[PDB]
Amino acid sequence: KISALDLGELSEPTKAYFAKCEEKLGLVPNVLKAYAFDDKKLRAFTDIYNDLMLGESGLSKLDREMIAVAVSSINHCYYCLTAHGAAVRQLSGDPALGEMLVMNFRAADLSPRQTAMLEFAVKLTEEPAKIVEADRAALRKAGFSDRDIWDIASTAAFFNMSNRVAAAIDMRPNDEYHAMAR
């Protein structure tokens, strides 16, 4: 079961893409399978995911994965802590960093720059109503540009969406994730 919801054969272009996934990764990420009932939806998801997590940014790819895990920790999202926790381990080379981010980032002995980024993602996840100029000013003082700030917010905001889709439908992450990068 990739989820608790019941939704056709895959379209030719999704089979093409999934082939690519299986060639590059060992596997087709289950989130893509969840979306595959509707190619418009699949394509719009992959378009945003890739721009946000892989696009050009002052944040590294690992920065963004660390934001994704921090937010997914607060929300207790099993799919995302699994998939993106594997990504932190893999991108960092540090199996322990992935566990700490999954459990409590305050445990991690992060740099000031990384702390500031994650503390903002925390407030944005927990109490969006309360974000004020002082919260932006804290990121600037940490050395982030305003476009960096856009990218931190966008990433944190995105995972607030991803967590809730996954929770809503009980989406299951690939079993291969668990053993990777340990």
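Start at 1 and count along the sequence shown; that's the residue number.
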{"item": "Interresidue gap class [residue 7, residue 8; deposited sequence, unmodelled]", "value": "1 to 3"}
{"item": "For residue 155, the third of its chain into which the C-alpha B factor falls", "value": "middle"}
{"item": "B-factor third for the C-alpha atom of residue 21 within its chain", "value": "highest"}
{"item": "Chain thirds of CA B-factor: placement of residue 43", "value": "middle"}
{"item": "Lowest, middle or highest third - CA B-factor, residue 61", "value": "lowest"}
{"item": "Assigned third (lowest, middle, highest) for the C-alpha B factor of residue 120", "value": "lowest"}
